[PDB]
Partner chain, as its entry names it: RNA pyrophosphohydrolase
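Single chain ahead, by itself, as structure tokens, in the form deposited without the partner chain.
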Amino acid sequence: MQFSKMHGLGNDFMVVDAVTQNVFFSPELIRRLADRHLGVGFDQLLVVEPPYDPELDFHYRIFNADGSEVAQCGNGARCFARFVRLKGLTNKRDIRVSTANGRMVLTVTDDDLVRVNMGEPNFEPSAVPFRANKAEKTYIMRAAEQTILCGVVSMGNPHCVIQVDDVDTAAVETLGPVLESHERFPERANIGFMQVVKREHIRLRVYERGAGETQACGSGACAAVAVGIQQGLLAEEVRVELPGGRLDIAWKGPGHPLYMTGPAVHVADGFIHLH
């Protein structure tokens, strides 16, 4: 089976064209292939399929390293869009695709970055889920000794965004775990540490739900900007610098979808003899 290795800022995928070859998986085979030593090695598997509705260009689905299907808006979208072009499955720049989360259009920019519609940020505490009295722009939380001021928002997944003086001195490793499975987040949360450089530029570190700190969390970048916009700190177009590189978020505010633009890197192609 042909595959490609790709990443969106360190988030790695095995990407497989299921249009021009037969692609067969079991949960067990995915687990074996994901193994860094025994297999190809990847966080997630991205399968690119022909469309099942004639109004679309493709369908894609994503499995995690455990072999089960993942349904998170925007997950794998940038690698998806560059893959179909690099493989010559399409030469379209605006690509209509169905996913586990519905349909969307992806756009590949003049600089070969990909723009993803991430939907409208949902600040309703029950949608997070977050235990609170009601939606507020800023909440008070306790992390043992410390008083934390944060915003909270859903991007399809839960985020807790804390403003910091300097991401490099932020106490990610000690505050992250505490907030990540705080009692007030029944389904845990991604914890963002956001430094506002100016209205159009932040630096961000993210302690991810069930993973701790990684090089880049795209939905966390979305959340931190949505929260900074709602707190009146940020303009409607914001550059986000994560440890793994740059994203740009555009959001005109409540009533609007939020857009995330970023790179996807094609690392290598390969073949695995599966018979």
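Residue numbers count along the first chain shown, from 1.
Just so you know, the form deposited with the partner chain bound exists too; it's not on screen, but the next bit is about it.
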TODO: Please run the contact check for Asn133 against the partner chain in the deposited complex: heavy atoms, 4.5 angstroms, yes or no?
DONE: no
Open item on the list: Using a 4.5 angstroms cut-off on non-hydrogen atoms, would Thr90 count as touching the partner chain in the deposited complex?
Closed with: yes
Open item on the list: Please tell me whether any heavy atom belonging to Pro27 falls inside 4.5 Å of a heavy atom of the partner chain, as the geometry stands in the deposited complex.
Closed with: no
Open item on the list: At 4.5 Å between heavy atoms, is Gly210 in contact with the partner chain in the deposited complex?
Closed with: no
Task: One stretch from 66-74, 202-210, 219-227, 52-60 that, in the deposited complex, holds residues within 4.5 Å of the partner chain by heavy atom - done: 52-60
